[PDB]
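These protein sequences, in sequence, are chains W, U and O. At position 108 of the first sequence (counting the first as 1) the number is 108 in PDB author numbering, and the numbers step up by one without a gap. At position 17 of the second sequence (counting the first as 1) the number is 17 in PDB author numbering, and the numbers step up by one without a gap. At position 76 of the third sequence (counting the first as 1) the number is 81 in PDB author numbering, and the numbers step up by one without a gap. For each residue, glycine too, the CB sits at the ideal point set by N, CA and C. Let me begin by presenting the structure, written as C-alpha cells, before commenting on it.
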Amino acid sequence: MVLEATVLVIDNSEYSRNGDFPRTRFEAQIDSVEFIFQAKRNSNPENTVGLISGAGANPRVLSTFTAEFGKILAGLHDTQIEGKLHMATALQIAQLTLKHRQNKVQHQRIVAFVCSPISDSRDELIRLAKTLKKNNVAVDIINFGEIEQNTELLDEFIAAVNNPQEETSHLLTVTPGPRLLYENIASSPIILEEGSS
Amino acid sequence: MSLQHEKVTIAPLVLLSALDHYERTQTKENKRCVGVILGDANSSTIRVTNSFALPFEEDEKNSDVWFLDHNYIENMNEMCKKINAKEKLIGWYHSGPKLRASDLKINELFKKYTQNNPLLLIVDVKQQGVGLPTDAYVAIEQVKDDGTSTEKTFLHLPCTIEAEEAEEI
Amino acid sequence: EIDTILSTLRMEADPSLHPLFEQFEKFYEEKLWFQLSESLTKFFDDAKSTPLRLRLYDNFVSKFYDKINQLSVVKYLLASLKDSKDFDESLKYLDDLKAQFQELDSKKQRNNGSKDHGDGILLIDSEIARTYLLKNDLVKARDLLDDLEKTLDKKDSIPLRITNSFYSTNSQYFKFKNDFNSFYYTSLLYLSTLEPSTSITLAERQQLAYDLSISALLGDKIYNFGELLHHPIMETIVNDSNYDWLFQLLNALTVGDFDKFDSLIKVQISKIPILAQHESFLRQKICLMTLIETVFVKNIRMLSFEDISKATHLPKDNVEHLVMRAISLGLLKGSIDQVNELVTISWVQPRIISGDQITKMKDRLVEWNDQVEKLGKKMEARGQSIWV
C-alpha cells in the first residue's frame with residue numbers, strides 16, 4: 001500500500017529450476033516483479049523500488065532505490081542462478097538498503113520471495129525478527145519454498161515481527177501447483193494491505 | 001580482465017584523497033569507508049591517479065553485510081573522463097588498518113566494472129609502517145598444492161610512488 | 006512415456022539401486038526437478054560397472070537441458086564413456102550431444118536470462134580429447150587441448166569441474182611417453198583441485214598413487230617426497246601389500262638410509278620388472294637426495310669429498326661424478342675444486358618443508374639477529390652528538 005519503500009528480495013537458488021510453476025519459478029518471478037513495481041507506483045508516486053538478490057556467496061545489492069522500472073529489470077538479467085540464498089544475511093542487507101533511499105518520506109518494507117527450503121537455523125532468525133521491528137522494518141514472507149516438505153520456521157518469524165506499528169508483516173502461502181505465480185500474487189492483496197498503528 | 005600485475009605506484013593525491021573521504025562520509029570508529037579507485041590498469045605497474053568515495057554502510061557486528069550503490073558508480077565514471085580520459089575503474093580502496101577476510105566478498109561485486117582484477121589498495125589512515133604507509137593486494141584465484149581446492153586469495157604487490165611534474169613540485 | 010522405461014530399468018537394476026530408481030519417478034511427477042538431480046548424482050557415482058547407466062542418462066538428457074543443473078549432466082557422460090569398451094561408439098555419442106548444445110543456446114540462453122550452456126560445450130570437449138588418447142591418437146587430442154587451454158586461462162575465476170577435466174587429459178598424455186618428471190607435476194594439480202562430487206573413483210585414485218610413486222623413485226629433480234606424505238592420497242593409502250613396501254621406499258629416501266633401500270629393492274626388483282629397467286635413476290636418487298640435503302642444513306656451503314664419500318657410501322671416483330651429475334640436473338650450482346677437494350655451492354633447488362626443516366632455518370635467523378642487534382648499539386653509542 002501507500003507511503004512505502006520496497007526492497008524486493010529475489011531468491012536465486014537452484015530450487016527455482018523446479019517447473020512446479022510454468023515454465024520455471026525464476027522466469028515466473030521475472031513477470032511478477034515488473035507488476036509489483038507498477039502497482040506500487042500508481043497507488044502513490046513516492047513509492048520506489050530497490051532490488052536485492054540472494055545471489056553470490058553472500059547476497060548483493062543489484063539496484064538501489066530508483067524510479068526506473070528498467071533498472072530493476074536490468075538487475076534481473078545481471079544476476080545468476082547458480083548462486084544460493086541465505087536468509088540471515090538477506091534480511092540485514094535489505095535493512096541497509098532501506099537507509100539509502102530516493103524518498104526519505106516513505107516507510108520501510110521488505111517483500112521476500114522464498115523458493116527454497118531454508119536450511120538456516122530457526123533460532124538464529126528469531127533474533128533478527130526482533131531486530132527488524134526496532135529498526136521499524138516489516139517483512140512480508142511470500143512463502144512457497146517450505147511447502148515442499150520442510151518444517152515451517154516462518155510461522156514463528158511472522159508473529160515475532162508483528163507489533164503495533166503501521167509497517168505490518170503479512171504471511172502468504174501459495175499453492176505449489178500450476179496457476180502462474182504472478183497471477184496468485186496479483187489477485188491477492190498487494191495494495192489492500194492495511195496498517196496496525 | 002587482465003592478470004597484468006607486478007607493482008603499484010601511487011600518486012600522493014590518492015593517499016590524501018582517501019584520508020579525507022573516510023572522515024567526510026563519517027563511517028569511522030571501526031566502521032569502514034570503501035570507495036572506488038581510479039587510474040590506469042592493463043600494465044604491469046598499476047598506476048593509481050585518483051579515488052572517489054562511494055556511499056557505503058558497514059554493519060559492524062557483521063562485516064559480511066554491507067551497502068554498495070552499484071548504480072552510482074556508472075554515474076561517477078562519466079565524470080571521471082571529464083577530469084582525465086585515462087581514468088577508468090581499477091579497483092576500490094580499503095581504509096585499513098589492514099587486510100580482512102570480509103574483503104573477498106566485497107571484491108566480488110567489483111568485477112562488473114574493472115577490466116583488470118580489482119585492486120585492493122590499503123590506505124592506512126593512521127600512517128603505520130617503515131616505508132610508505134600503504135600495502136597493496138590483488139585477488140588472484142589459484143590452485144593450492146597442499147591438497148585443497150581452488151581458493152581466491154590476496155597476493156601482495158609492492159607499494160611505490162611515481163608522480164607527475166605538477167604533483168611532485 | 007518415460008515412466009514405463011523407469012519401471013523396466015528399475016526391475017533389472019541392483020537392490021542397492023532400487024530405492025534410487027523410485028525417486029526419479031516420484032520427483033518427475035512432483036515437478037521438483039532439482040532434488041531429482043541430486044538422486045541421479047548418487048546413482049551415477051556407483052553405477053560405473055552396471056549397464057543401466059547409459060540408458061538412464063539417454064532418457065533424461067533429451068527432456069531437460071536447463072531445467073536441471075547443466076554441469077553435472079555433462080560430467081556423468083564423461084565417466085559413462087570412459088568405462089565403455091567400444092570407443093567408436095563413444096566418439097559419435099559425444100559429438101551428437103555437442104551438436105545439440107550449439108543449437109540449444111540460441112533459444113534457451115536468452116529465454117532463461119541467467120543460464121549459459123557454453124560451459125557444457127567445454128565439458129564435452131575435454132572428453133573427446135581423452136577419447137583420442139585412449140585410441141592412441143596423441144596429435145588430435147593436442148589440437149582440442151590447445152583450444153581448452155586458451156579459454157581456461159582467460160577466465161579469472163575457474164569452475165573446479167573444467168580445470169579438473171583439463172588436467173585429466175594431460176596426465177594420461179605424458180606417461181605414454183614415459184616422462185616421469187612431466188607426469189608428476191600434472192597429477193599434483195589434478196588431485197588438489199578435485200570436485201566436491203567426485204565422478205573420479207577411488208580405483209583411479211589408487212592407480213594415480215602408484216604412478217606418482219614410480220615417477221618419484223625414478224625421477225631426478227623431484228624432491229617432493231614429503232609432499233606425497235603431506236597430501237592425503239599417499240599417506241592414507243598404506244592399506245595393501247603393494248603399498249606397504251612402496252611407502253617405506255619413500256620414507257627411506259627422506260631420512261637418507263641406504264641399507265633399507267637396498268634390502269627392499271632386492272626383493273622387489275624381480276617381482277616387478279619395471280624397477281629392473283630404470284635402476285640407474287633409482288639407486289642414484291638416494292645419493293642425490295643426501296647430497297642436496299647436507300649442503301642446505303650446514304651453515305657452510307662447501308663439503309669435503311671425504312664427507313660425501315662416507316655419506317653416500319661411494320668410491321672417490323663416483324663421488325666426483327655425483328657432483329657433476331647433480332649440477333647438470335640443476336639441483337646444486339657452483340664450482341668444483343678437485344684440488345682443494347671441495348664442492349662450493351651457490352644455489353640449492355627449493356625442496357620439501359617439514360617440521361624438522363622448519364626449525365633448522367629458524368635457528369640461523371636468531372644467530373644472525375644477534376649480529377645485527379648488538380652492532381646498531383655500537384653505532385648508537387658512537388657519534389652521539391650527531392643524529393640531526
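Below-9 Å beta-carbon distance, residue i vs any chain U residue
i: O:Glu385; result: no
i: W:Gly54; result: no
i: W:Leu85; result: no
i: W:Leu96; result: yes
i: O:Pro201; result: yes
i: O:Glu232; result: yes
Residues bridged to residue i (per DSSP)
i: O:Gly231; result: Paired residues: none, contrary to the question.
i: O:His122; result: Answer by DSSP bridge pairing: none, since O:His122 is not bridged.
i: O:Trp352; result: O:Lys338
i: U:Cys159; result: U:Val8
i: U:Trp66; result: U:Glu58
i: W:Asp140; result: W:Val111
i: U:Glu151; result: U:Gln142
i: W:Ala5; result: W:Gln108
i: residue 170 of chain U; result: Lying before the first or after the last residue shown, residue 170 of chain U is absent from chain U, which here runs from 1 to 169.
Partners in chain O for residue i, counting only beta-carbon separations shorter than 7 Å
i: U:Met1; result: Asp161
i: U:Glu141; result: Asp161, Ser162, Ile163
i: U:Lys144; result: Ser197
i: W:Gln80; result: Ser119
Chain-ordered neighbours of residue i on chain W, where CB pairs are closer than 8 Å
i: U:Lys105; result: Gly56, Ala57, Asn58
i: U:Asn62; result: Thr89, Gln92
i: U:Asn71; result: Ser63, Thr64, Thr66, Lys71
Rounded C-alpha distance that separates residue i from residue j
i: U:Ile161; j: O:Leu139; result: 55 Å
i: O:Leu337; j: U:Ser102; result: 43 Å
i: U:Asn77; j: U:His70; result: 12 Å
i: O:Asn323; j: O:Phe266; result: 19 Å
i: O:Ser170; j: O:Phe69; result: 23 Å
i: W:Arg109; j: W:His170; result: 11 Å
i: O:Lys382; j: O:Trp392; result: 14 Å
i: O:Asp361; j: O:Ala84; result: 42 Å
i: O:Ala331; j: O:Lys182; result: 24 Å
i: O:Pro20; j: O:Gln28; result: 14 Å
i: W:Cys115; j: W:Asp11; result: 7 Å
i: W:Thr66; j: W:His77; result: 17 Å
i: W:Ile52; j: U:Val65; result: 12 Å
i: W:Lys133; j: W:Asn162; result: 8 Å
i: U:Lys98; j: U:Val125; result: 10 Å
Interface partners of residue i on chain U, CB under 9 Å
i: W:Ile93; result: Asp59, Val65, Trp66, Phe67
i: O:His236; result: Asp145, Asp146, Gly147
Chain W residues whose Cβ lies nearer than 9 Å to that of residue i
i: U:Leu109; result: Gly56, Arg60, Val61
i: U:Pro55; result: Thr64, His100
Partners in chain U for residue i, counting only beta-carbon separations shorter than 8 Å
i: O:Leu193; result: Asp145
Chain W within 9 Å of residue i, Cβ atoms only
i: O:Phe29; result: no
i: O:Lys379; result: no
i: residue 423 of chain O; result: This structure gives no information on residue 423 of chain O, because the portion of chain O shown stretches from 6 to 393.
i: O:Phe39; result: yes
i: U:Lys31; result: no
Contact with chain O by residue i, beta-carbon distance below 9 Å
i: W:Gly70; result: no
i: W:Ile118; result: no
i: W:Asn12; result: yes
i: U:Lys7; result: no
i: W:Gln108; result: no
i: W:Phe37; result: no
i: W:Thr175; result: no
i: W:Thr6; result: no
Partners in chain O for residue i, counting only beta-carbon separations shorter than 9 Å
i: U:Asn117; result: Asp161
8 Å Cβ cut-off: residues of chain O touching residue i
i: U:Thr148; result: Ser197
i: W:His77; result: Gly118, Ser119
i: W:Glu27; result: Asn116, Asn117, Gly118
Neighbouring residues, chain W, relative to residue i (Cβ below 7 Å)
i: O:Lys36; result: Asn18, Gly19, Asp20
Cutoff 9 Å: residue i Cβ touching any chain A Cβ
i: O:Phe65; result: Absent here is chain A; the protein component of the structure consists of chains W, U and O.
- Query: Is the number of C-beta pairs between the region 36 to 45 of chain W and the region 130 to 138 of chain W that are closer than 8 Å three or more?
  - Reply: The region 36 to 45 of chain W makes no contact with the region 130 to 138 of chain W; the number of CB pairs closer than 8 Å stays below 3.
- Would you be able to state if there are at least three C-beta pairs under 8 Å between the region 37 to 45 of chain U and the region 106 to 124 of chain U? With a cut-off of 8 Å, the region 37 to 45 of chain U and the region 106 to 124 of chain U count as touching, because enough Cβ pairs lie within range.
- Task: Kindly confirm or deny that the region 194 to 209 of chain O and the region 160 to 178 of chain O touch, where touching means at least three C-beta pairs closer than 8 Å.
- Result: Flag = yes, the region 194 to 209 of chain O and the region 160 to 178 of chain O touch.
- Taking three-plus beta-carbon pairs below 8 Å as touching, is the region 26 to 43 of chain O in contact with the region 143 to 162 of chain O? No, the region 26 to 43 of chain O is not in contact with the region 143 to 162 of chain O.
- Query: Can you find at least 3 beta carbon pairs, one from the region 10 to 29 of chain W and one from the region 111 to 130 of chain O, that sit closer than 8 Å?
  - Reply: Output reads yes: the region 111 to 130 of chain O touches the region 10 to 29 of chain W.
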